[PDB]
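# Coordinate analysis (summary)
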Amino acid sequence: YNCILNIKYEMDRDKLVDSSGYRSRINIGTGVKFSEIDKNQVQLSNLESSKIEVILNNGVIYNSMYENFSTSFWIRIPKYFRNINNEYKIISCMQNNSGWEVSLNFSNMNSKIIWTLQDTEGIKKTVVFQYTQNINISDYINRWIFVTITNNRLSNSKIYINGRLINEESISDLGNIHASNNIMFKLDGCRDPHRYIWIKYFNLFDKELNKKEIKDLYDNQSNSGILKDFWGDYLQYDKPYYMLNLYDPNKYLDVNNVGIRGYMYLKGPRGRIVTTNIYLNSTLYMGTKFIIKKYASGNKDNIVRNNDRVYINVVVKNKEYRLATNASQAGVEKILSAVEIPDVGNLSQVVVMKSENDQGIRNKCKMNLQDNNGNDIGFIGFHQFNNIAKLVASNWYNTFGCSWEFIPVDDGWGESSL
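Residues numbered from 1 in each chain as written, not as in the entry; some residues may be left out. Heavy atoms only, no water.

Under the PDB entry, the name given to the protein is HcHA, and the organism recorded is Clostridium botulinum.

### A few points about the overall build of the protein
Each helix and strand in the protein was counted, giving 1 helix and 33 strands. Compactness check: the protein gives a C-alpha radius of gyration of 24 Å against a globular reference of 22 Å for 418 residues, within 12% of the reference. For the protein, the spread of C-alpha atoms along the principal axes amounts to about 75 × 50 × 40 Å. Across the 418 residues of the protein, 56% fall into the buried class. (Helix = DSSP H or I, 4+ residues; strand = E, 2+ residues; numbered from the N terminus. Rg over C-alpha atoms; globule rule 2.2 N^0.38 Å. Buried < 20%, exposed > 50% of the residue type's maximum accessible area, 1.4 Å probe, protein only.)

### Quick word on the state of the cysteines
In this structure the tally under the stated criterion is 0 disulfides. Here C365 stays unpaired: no disulfide links it, and the sulfur of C402, its closest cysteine neighbor, is 12 Å away. (Disulfide = S-S within 2.5 Å.)

### Observations concerning the nonpolar core
Judged by nonpolar contacts, the single largest core of 62 residues is most densely connected at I75, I91, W100, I183, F185 and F202. Residues lining this core come from more than one domain, with at least three contributed by each of domain 1 (1-229) and domain 2 (230-418). Filtering out sequence-adjacent residues up to four positions away, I91 remains in contact with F73, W100, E101, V102, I183, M184, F185, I199 and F202. (Core = buried A, V, L, I, M, F, W, Y, C linked by side-chain atoms within 4.5 Å. Domains from an automatic or database assignment. Contact = heavy atoms within 4.5 Å.)

### A closer look at the sheet that holds strand 17 (residues 182-188)
Here 7 strands make up an open sheet; going across it, the order is 3-6-17-9-10-11-12 and the pairing antiparallel. A strand with exactly one partner marks an edge of an open sheet, and here the two such strands are strand 3 (25-28) and strand 12 (124-132). Each strand of the sheet is rotated relative to its neighbour by a mean of 15 degrees, with strand direction disregarded. Sheet topology places strand 9 (residues 88-95) next to strand 17; 3 bridges connect them, and they run antiparallel. Each residue of the ladder has a partner; that of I91, found in strand 17, is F185. (Pairing = 2+ DSSP bridges. Axes fitted to C-alpha atoms, helices over the stretch in contact; angles between N-to-C directions.)

### Focus on the domain arrangement of the protein
Parsing the protein into structural domains produces domain 1 (1-229) and domain 2 (230-418). Between domain 1 and domain 2, the residue contacts involve 39 residues of the former and 41 residues of the latter. Carbon and sulfur atoms supply 48% of the area buried between domain 1 and domain 2, which totals about 3500 Å² over both sides. In terms of surface lost to domain 2, no three residues of domain 1 exceed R143, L227 and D229, which account for 25% of the buried area on that side. Linking domain 1 with domain 2 are 4 salt bridges. Between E405 and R143 there is a salt bridge whose closest N-O contact spans 3.2 Å. Broken down by secondary-structure element, the contributors of at least two residues to the side of domain 1 that touches domain 2 are strand 8 (69-76), strand 13 (145-151) and strand 18 (196-205). When grouped by side-chain class, the residues that make up the side of domain 1 that touches domain 2 number 19 nonpolar, 11 polar and 9 charged. (Buried area = accessible area lost by both parts, 1.4 Å probe. Salt bridge = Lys/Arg side-chain N within 4 Å of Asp/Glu carboxyl O. Nonpolar A, V, L, I, M, F, W, Y, C, P; charged D, E, K, R; others polar.)

### Some details on empty space enclosed by the protein
Of the voids in this model, the largest cavity is the one considered here, and its volume is about 90 Å³. In terms of lining residues, the largest cavity is bounded by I7, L16, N40, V42, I52, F185, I199, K200, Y201 and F202. Among the elements that make up the lining of the largest cavity, the one with the highest residue count is strand 18 (4 residues). Grouping the amino acids of the lining of the largest cavity by side-chain chemistry returns 8 nonpolar, 1 polar and 1 charged. (1 Å grid on protein atoms, 1.4 Å probe; cavity = no way out; pocket = protein on both sides within 12 Å on 5 of 7 lines; lining within 4 Å. Points joined across faces, edges and corners; volume = space filled by probe spheres on them.)

### With respect to the pattern of salt bridges
The tally for this structure, following the rule as stated, stands at 20 salt bridges. The closest approach of N and O atoms between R143 and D139, which form a salt bridge, is 2.8 Å. Note on accessibility: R143 and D139 belong to one class, buried. Note that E213 and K207 form a salt bridge whose closest N and O atoms lie 2.6 Å from each other. According to the relative accessible area criterion, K207 is partly exposed, its value standing at 23%. It is possible to trace a salt-bridge network through shared partners that takes in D139, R143, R362 and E405.

### Examining a nonpolar patch on the surface
Taken together, the side chains of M65, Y66 and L154 define a hydrophobic patch exposed on the protein surface, amounting to about 380 Å² of accessible area. Position of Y66 among the secondary structure elements: in the loop between strand 7 (63-64) and strand 8. Judged by relative accessible area, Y66 falls into the exposed class, the value being 59%. (Patch = residues over 30% accessible without salt bridge, like charges linked within 9 Å, V, L, I, M, F, W, Y side chains within 5 Å. Areas by Shrake-Rupley, 256 points an atom, 1.4 Å probe, with all protein chains shown as cover.)

### Brief notes about unusual backbone geometry
The step from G268 to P269 runs through a cis peptide bond, and the omega angle for that step is 0 degrees. Within the secondary structure, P269 is located in the loop between strand 21 (264-267) and strand 22 (272-275). Non-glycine residue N85 carries a positive phi angle of around 45 degrees. In this structure, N85 sits in the loop between strand 8 and strand 9. Its identity as a non-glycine residue notwithstanding, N307 has a phi of 75 degrees, on the positive side. According to the relative accessible area criterion, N307 is partly exposed, its value standing at 48%.

### Comments concerning the pairing of strand 25 (residues 309-316)
With 7 of 8 residues buried, strand 25 lies mostly within the body of the structure. When strand 24 (residues 289-296) meets strand 25, the two strands line up antiparallel, connected through 7 bridges. Counted as the bridge partner of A296 is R309 from strand 25. Summarising the sheet, strand 25 and strand 29 (residues 350-356) pair through 2 bridges and their orientation is antiparallel. Residue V310 lies in a different strand from strand 29, and its bridge partner there is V351.

### As for the packing of aromatic side chains
To describe a pair of aromatic rings, you give the distance between the ring centres and the angle between the ring planes. Applying the stated criterion to the full structure yields 24 aromatic pairs. Ring geometry for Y295 and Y311: centres 4.9 Å apart, planes at 45 degrees, overall tilted. Of this pair, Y295 sits in strand 24 while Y311 sits in strand 25; the two residues are 16 residues apart in sequence, bridging distant segments of the chain. What makes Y295 partly exposed here is its relative accessible area of 45%. Of the aromatic side chains, those joined through ring pairs into one cluster are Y62, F69, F73, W100, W115, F185 and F202. Above the face of the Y263 ring, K390 is positioned so that its terminal group lies 4.0 Å from the ring centre. If you follow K390 out to its NZ or CZ, it ends over the ring of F385, 5.6 Å from the centre. (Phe/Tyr/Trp six-rings, centres within 6.5 Å; stacked < 30°, edge-to-face > 60°. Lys NZ or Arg CZ within 6 Å of the ring centre and 35° of its normal.)

If you want it as structure tokens, here you go:
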């Protein structure tokens, strides 16, 4: 990829380093916060100390009329709750009004990601990606987004999102671009004291990446063996999740009654949360919460991986129960129950966790229930029993809605968890 900068967490020295081979120095401010689950994820808040400065290896400093180059990174931007029309920088490689930079903005309910080039005569070119907050379920709001920006000095700058080309702008009218010796990762000019971003995997490439390269990069950095929650973070054990069923996003999961004679079902309406002319979204913190419990994961840590065997705890009136069924019950759709954990006995309760990767909304999960001999009982979804859509496990080779997302409470979403 002609990679000339690759910011990566290194376990041995417990530190962010440049692993490109060029050994650019990475200085971290005391205001930077790290995810304890994934040390590549760093949080930059609106504080002077919340910054990362890269001192570029002399050989990778950009000063050229013709050198093609690209950059990639992942970013997670909290919902905007207030207007600003206050464009603020987040990644800066500028000196004397020339170079490149990434900035963010929020206007007319659109969150914007902005790429700017500026030549040594002060002339600017920009390419923008934007997405609306006026939408029931967003692939983008407060979710990890993969950004790739490529620059061909003889033609266009292009912005790719999650491996897909979104926008292009001609940049052939720019002359010499003399960028900074340093790259500054920092909220610069942001007037909201409480704004922040999450970022990871920042890369620079000494070429214009092509379509295939970018899709491969996206796929390789997706960590596709690990399940994701709604926000795109690693799915985890022992963490309460609200459940989104993608079949009918306007409904939510509820428990009619606990016990092996009870059932769960699809209840509506989910409803919406609104701040007029700022956002209008489906309410996410609705319905029964699931907690994923370790059973047979080979691993030590709390991350849920493809084909992990787990138990699912179901929270009802602030008490935990176990998702289970008697597969011997009549019919191909096995109605699921929330049963008292000490009393689950010989009921089927082992769930195989699966990723679902297609070209629709990201971070989809499936759950395949098995009996205690490993035999498939079926994927967890719904079946219409006259008037009621009940939660069931059903073998597809023997009913609907077996695609799920797990939603934990997150400060960037802004529904109150009170």
